[PDB]
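1. kindly generate the corresponding structure for this input.
(4 chains)
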Amino acid sequence: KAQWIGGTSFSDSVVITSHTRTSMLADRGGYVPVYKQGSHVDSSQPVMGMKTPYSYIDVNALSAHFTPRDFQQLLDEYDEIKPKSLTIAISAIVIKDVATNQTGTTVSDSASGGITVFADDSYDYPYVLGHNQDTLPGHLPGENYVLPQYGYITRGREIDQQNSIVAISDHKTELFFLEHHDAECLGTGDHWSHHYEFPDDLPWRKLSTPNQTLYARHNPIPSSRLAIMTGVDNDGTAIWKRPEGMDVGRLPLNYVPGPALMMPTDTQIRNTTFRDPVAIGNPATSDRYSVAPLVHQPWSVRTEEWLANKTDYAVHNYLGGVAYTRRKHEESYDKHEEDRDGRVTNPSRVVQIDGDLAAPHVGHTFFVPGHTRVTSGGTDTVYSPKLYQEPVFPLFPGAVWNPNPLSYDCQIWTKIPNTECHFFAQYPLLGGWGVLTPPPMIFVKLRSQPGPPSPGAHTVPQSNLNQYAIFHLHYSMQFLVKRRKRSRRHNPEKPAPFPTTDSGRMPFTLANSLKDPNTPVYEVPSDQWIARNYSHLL
Amino acid sequence: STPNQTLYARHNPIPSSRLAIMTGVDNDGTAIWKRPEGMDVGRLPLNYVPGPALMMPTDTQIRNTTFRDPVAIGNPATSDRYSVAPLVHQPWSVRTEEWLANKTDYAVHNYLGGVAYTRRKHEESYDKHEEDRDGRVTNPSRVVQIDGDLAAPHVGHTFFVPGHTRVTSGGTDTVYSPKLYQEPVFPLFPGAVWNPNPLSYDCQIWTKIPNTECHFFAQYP
Amino acid sequence: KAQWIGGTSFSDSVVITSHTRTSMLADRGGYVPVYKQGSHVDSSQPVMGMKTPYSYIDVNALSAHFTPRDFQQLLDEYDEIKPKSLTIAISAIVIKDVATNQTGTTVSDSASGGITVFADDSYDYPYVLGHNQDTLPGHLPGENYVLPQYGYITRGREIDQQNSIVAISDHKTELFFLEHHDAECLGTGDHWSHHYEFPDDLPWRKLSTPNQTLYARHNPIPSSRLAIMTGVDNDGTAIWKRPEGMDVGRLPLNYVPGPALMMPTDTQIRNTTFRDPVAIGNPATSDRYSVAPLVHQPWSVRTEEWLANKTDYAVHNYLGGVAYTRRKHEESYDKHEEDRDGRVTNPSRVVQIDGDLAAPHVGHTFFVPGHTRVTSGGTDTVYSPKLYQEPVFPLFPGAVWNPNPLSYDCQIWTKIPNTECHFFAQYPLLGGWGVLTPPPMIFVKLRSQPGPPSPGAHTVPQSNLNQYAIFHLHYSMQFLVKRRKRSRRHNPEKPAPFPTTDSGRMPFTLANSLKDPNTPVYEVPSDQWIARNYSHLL
Amino acid sequence: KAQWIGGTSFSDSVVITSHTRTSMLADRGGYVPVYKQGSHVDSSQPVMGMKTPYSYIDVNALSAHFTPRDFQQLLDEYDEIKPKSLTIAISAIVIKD
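-> Numbering: from 1, shown residues only, chains lettered A, B, ... in the order given. Next up is the structure itself:
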């Protein structure tokens, strides 16, 4: 009994989304390492790497599970979505044989073919899901999903021999043969499904924007009963000032904002580019590795211009911010690999509208007193210290922040690195939900059929029979949700902005022709859809 | 057991990322984006940052002058201080294999603020040698990690060479030239991952968490 | 229900190792004898031989069952491994048809094909397993295992007619048609498994090195209470000497070493080579047959040089020693058959570190008294007898020795020849475990499909349809093991040396490129891994 | 019943290490304070201190509990050691004059 699965079901409790897509297994070569030496002149760093004949299914995004309309209803009626479960089923396996002839390529069923699939419930192989690498089902059903090959990075002893750093691999090099593991041989007419359930421990990710500025919550009517020290006068007077309720910037507050990198966003107009936005490394010029979204901050802020409420607001993209690259939708001969070093035009930028818990901000202590009169001219040296602008405002004990919202393309989960102690790891900087035990990587490969054996004559094994498998991939995921409790207010509350396409056409639809009749162009919004829809009092 | 993988390289070297990091702005507001390939380990945006780090110099100063104290939170310009020596969980000393033909004796780098167990005298008679004062100790056990660490030894928070930040670029409100790229003490952020120091064979087994109102990760001394 | 089997499981009691490999059955010709006449000028000796259309599976090595890492953990945590069981399962049988055309070779499934497999539980066919002949699964999964053809040697009446000896075969010639025996026809979608259990009588083979020199075990403090006769003085004085405890060489001992051949190892530098190392034969020059590892001794000893503790120790290879030939790992067009007479460069030499129960030794009675004064000048003749150096120190009643350790490539079992009386046969000189009833030879052959029958016209049967079978071969083996009881000692005990590759790269890993980009080179240690890891008091 | 205790026992679950050592109690003086004044020129900082006639037993190290070989096997076969318990017994007290 194979049934095509699809459609979503909303309930008050739970959201159940189901897709099915024809998938393909290319024949992947045998285990091959990919060793790319690093260079200190560039930013390259040595990777030992491995490539595997196996291929896995990466279903991890919201965009995969929620149809755009299903993502719309998600926000309208709900708040606090948390993922509950994930099923994946391979079914309708059919394995073609590609026979290359001078006549031509003739594909024909192989009644004898098979595929071999298994999942890691033991997490015993390098867990490659959740790093936001583009292997996903195309947004369009009817766009075949060709399963990504599986590979994994491993490190050796990494030495700086010269301008170029190389890994000699005399340690810590691992070779995982997935061949050696219990897997389930499948063949035409076999159904393999793997059900999985996220921890109950996952946090509820709010779908709604905080109402109030963090630092302005109080009664504008009364004066405070506290007196902040403004500064000293008349040599030791230490004048005190009692802030009125209205004074929002000046009122002492119980709870500080979360951390901030206070990075420049389009404040540098200079044509020069940062090699890397934020990188914790210990080479003056020798090397580095980025920590890009090092904090939970808007990657890009709307920041409405003021020229008569300019129609196109200036969108500020913070260095270290991240934008989802728009995939090519059934796009033929536009691959345009000739653009190198991965320059990407017009990515989805995840622009927040500055409904943030706290306005975008950059200076830890910004003030203009003049000298601090401790370390005032300089400390013990020529070094002029305790400079007022301090980058990276740090996390203090009393503190409050919200992580990034859920973009429609946001990754759903990721694997909290297996490590002794971790801190707020449940909120990944880059995505939805850190999980200790994630959805297993489901490894699939064509059962290899070798060619005719030689009578021990030339000792070169004939290449495997060229063949490929195509199958339905059922993947259903259940989300726990809570219907929104509307703030009880007398105002109609302006909805989150409906998506906008550069084209001006409706988003997530097939446009007839963009300078072609041939194929329709599926249109995605100019910017990343953000799951934050309605205010809620903080 | 030692962690296998570099923190920042865990992913499939085969695919390109589906994210685009902003590399920098061009042509006055172009804001060029770059999609890192899977292989690019340093350049790939990551969900989980390293733990804190003091980025202290280890044998990079060759100067015969010595630090009175390695790390000390105190509020006297010259009046007083008290050390916080192993202020973070970091290798106290890293092996850091030399490269001269894979030199047989690797240069062991001892981070200031690192700590080494003093070798006790084993039934050692009349070698007490108290005449050496101020507790100068020769050849202590240095707890040298081999740099199998979760993340390689590292020192700069934001290290880059753009030129001016073009916020507080020449200076802030003053002559003070601010937001200097090298920031010491890379701080603990909300998403973060680290491992505490391993268990040396001489490592103390327990300690008493000070009786105090609120403590943070006190279970790992 | 066919499931791919793999992975190992360690327990305190038992080790269970499982592999699965795509296998192939070539079409082997009909029964053909191979008769090679012998020559007395050379060492050749006549063999009647037989070749069979059948093919068998030889799974016998440790390297097959234990993944290198699984062999590592074997030593770290265990001692005394003994083999418990062996399962073999053929499954996922698929039988291609090779159609040769002027167009080209087109393989296509044959829904009608079959294979015919059976096992000898009666040992009624010549048992060919366990002689260390290279038919084994390649170390790399993904290296197809093409089952070896089956053949057997038989002897006739062997006469020296001339310089060349020939077997006339007027006796003792046997013809085994495996066709005539009960076997199980298999076809696409059939599962055939054969479970087997070693005797309980097998000895525990220690994985740990003896601590103490055999001849030095005693209290260094006391003097002995025995007096050895050193020699006679003053014409009949017969001076006696009481050895002190420290004197290890001179102290009389209850238990002698095992046998020894005291063979020269690299002491001959001469370019001349031994035709055969050790051969019990009765032809002055007419003929011989080797007994190569005639005793349990180190085949090769490390024997550390002294030049400032020279980094590369001089490895001494005892004549009659044996070394495992390194197989070519997915190695293409390096077959290099042009090297003839089987000259092999750089085999795995099974080098012991001289942790032996007794140091390497060569002289039975070595002494320099001068004449024995029995048979002193000569015996009854010119022959000068009872020469002090006696080769082949013999096994005496009180005696103690250890057999060779278990190399990672060591064969697991062998069949004790069916014979009236045998002596210590349970320890094969060359390998792991002699067994009375070994794992059955599992004979497999393609079910033969003849070509179109002629209308009795040319009376030459059309060749069989060219076809070959490929299938999964599950082979699981269980080992009984005992966790090590650590010698209770205050010292950390230096581990057995980790493997070393000539390349310097980590052993048992895929190296990217050796002067090629094309395929990775799987790297095996310079010398045979030895299963002896930690000392234990003897 | 006084028995000399020693030796370690490894199990899959738990590691049990035992040592026994002849110990001595010196006669320690009465309560004495040690007051060392601090100096800003140096790094010295004032400590009031106290010294007690009492003496305590500090058993706290891994090296104390794990014999080097017992520490070796610890690593070879195990991971994730956490301390479970600690017993201390004074016995065979004999007091010289």
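2. now the residue of the stretch 351-500 of chain A found nearest chain C: how far from residue C:146?
-> At 4.0 Å from chain C, residue A:459 is the closest residue in the stretch 351-500 of chain A, using C-beta to the nearest C-beta. C-beta coordinates here come from the backbone N, C-alpha and C atoms, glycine included. Separation of residue A:459 from residue C:146 (C-beta to C-beta, to the nearest Å): 11 Å.
3. tell me which of the two has more neighbours.
-> Shown here are residue A:459 and residue C:146; by other C-beta atoms under 10 Å in any protein chain shown, residue C:146 has more neighbours (22 against 14).
4. return the distance of the helix or strand where residue A:79 lies from the chain's centre.
-> Residue A:79 is located in strand A:78-100, with elements delineated by DSSP states H and E. Averaged C-alpha coordinates place strand A:78-100 at 20 Å from its chain's average position (C-alpha atoms, centre = their mean, to the nearest Å).
5. whichever helix or strand comes after that strand: partners in the sheet, and parallel or antiparallel?
-> The element immediately downstream of strand A:78-100 (helix or strand, assigned by DSSP H and E) is strand A:105-109. Strand pairing for strand A:105-109, determined by DSSP bridges: strand A:78-100 (antiparallel).
6. stretch A:408-420 and chain B, are they touching?
-> Yes. Judged by C-beta under 8 Å from any C-beta of the partner chain, stretch A:408-420 comes into contact with chain B through A:409, A:414, A:416-420.
7. give me the buried positions along that stretch.
-> A:408-417, A:419-420 (16 or more other C-beta atoms under 10 Å in any protein chain shown).
8. just confirm yes or no for that stretch near chain D.
-> No. Using C-beta under 8 Å from any C-beta, no contact is recorded between stretch A:408-420 and chain D, whose separation bottoms out at 9.7 Å.
9. which one is residue A:375 nearest to, not counting chain neighbours?
-> Excluding the flanking residues, the one nearest residue A:375 by C-beta to C-beta, 6 or more residues apart in numbering or on different chains is residue A:385, at 4.6 Å.
10. what sits against residue A:168?
-> Under the criterion of C-beta atoms under 8 Å, 6 or more residues apart in numbering or on different chains, the contact partners of residue A:168 comprise A:156-157, A:159.
11. backbone dihedrals for residue A:195, please?
-> Comment: the main-chain dihedrals of residue A:195 come out as phi -90, psi 140, following degrees, to the nearest 10.
12. number of nearby residues for the closest residue to chain D within the stretch 1-150 of chain A?
-> Closest approach between the stretch 1-150 of chain A and chain D, counting by C-beta to the nearest C-beta: residue A:124, at 14.4 Å. Counted with other C-beta under 10 Å, the burial measure for residue A:124 works out to 11 neighbours.
13. residue C:310 versus that one, what's the distance?
-> 42 Å.
14. and what of residue A:400?
-> Noted for residue A:400: a distance of 67 Å to residue C:310, by C-beta to C-beta.
15. between the two, which one's more packed in?
-> residue A:400 (15 against 10).
16. which strand residues bridge that one?
-> residue A:257.
17. so what's it up against?
-> Applying C-beta under 8 Å, 6+ apart, one finds that residue A:400 lies in contact with A:214, A:255-258, A:357.
18. most neighbours of all these, which one?
-> The residue in the contacts of residue A:400 with the most neighbours, by other C-beta under 10 Å, is residue A:258 (23 neighbours).
19. and the residue of chain A nearest chain C?
-> residue A:179 (3.5 Å).
20. so what's that residue up against?
-> C:6, C:20, C:141-142.
21. one more: residue A:506?
-> Contact partners of residue A:506, counting by C-beta under 8 Å, 6+ apart, are residue A:523.
22. ditto for the one 4 residues further on
-> The neighbours of residue A:510, taking C-beta under 8 Å, 6+ apart as the test, are A:520-523.
23. mind checking which of those residues are in strands?
-> A:521-523 (DSSP state E).
24. so which of the residues you listed comes closest to residue C:426?
-> Distance to residue C:426 across the ones in strands among the contacts of residue A:510 (C-beta to C-beta) is lowest for residue A:522, with 73.2 Å.
25. correct me if wrong: the closest one contacts residue A:329.
-> Yes. Under the criterion of C-beta atoms under 8 Å, residue A:522 is in contact with residue A:329, at a separation of 3.9 Å.
26. give me the common contacts of those two.
-> Between them, residue A:522 and residue A:329 have A:139-140 as joint contacts when contacts are counted by C-beta under 8 Å, 6+ apart.
27. which of those two has more residues huddled nearby?
-> Higher neighbour count among residue A:522 and residue A:329: residue A:522, with 19 against 16, using other C-beta under 10 Å.
28. show the contacting residues for the more buried one.
-> Remark: with contacts taken as C-beta under 8 Å, 6+ apart, residue A:522 is in contact with A:139-140, A:329-330, A:508-511.
29. what's across from it in the sheet?
-> Per DSSP bridges, residues listed as beta-bridge partners of residue A:522: residue A:510.
30. and it, how far is that from chain D?
-> Using C-beta to the nearest C-beta, to the nearest Å, residue A:522 is found at 50 Å from chain D.
31. try residue A:416
-> Spatial separation of residue A:416 from chain D under the definition C-beta to the nearest C-beta is 17 Å.
32. is it correct that that residue is in contact with residue A:433?
-> No. The pair residue A:416 / residue A:433 is not scored as a contact, 9.8 Å apart, by C-beta under 8 Å.
33. anything in contact with each of the two?
-> Applying C-beta under 8 Å, 6+ apart, one finds that residue A:416 and residue A:433 are jointly contacted by residue A:426.
34. can you name the residue of chain A nearest to chain D?
-> Sorted by distance to chain D under C-beta to the nearest C-beta, the residues of chain A start with residue A:420, at 9.7 Å.
35. wait, what's in contact with that residue?
-> Contacts for residue A:420 (C-beta under 8 Å, 6+ apart) come out as B:194-196, B:220.
36. for it, phi and psi?
-> Residue A:420 has phi and psi values of phi -70, psi -60 when expressed as degrees, to the nearest 10.
37. test my guess that residue A:7 contacts residue A:69.
-> No. The pair residue A:7 / residue A:69 is not scored as a contact, 11.5 Å apart, by C-beta under 8 Å.
38. tally of neighbours for the residue nearest to residue A:375?
-> Applying the criterion other C-beta under 10 Å, we find 14 residues in the vicinity of residue A:385.
39. please, where are all the helices along the stretch 101-250 of chain A?
-> Secondary structure of the stretch 101-250 of chain A (DSSP state H, counting those that start in this stretch): no helices present.
40. would you mind listing what in the stretch 101-250 of chain A touches chain B?
-> For the stretch 101-250 of chain A, the contact set with chain B under C-beta under 8 Å from any C-beta comprises A:126-128, A:130-136, A:148-155, A:157-161, A:171-172, A:174.
41. let me fix that: the stretch 401-538 of chain A
-> A:401, A:403, A:409, A:414, A:416-425, A:427-431, A:434.
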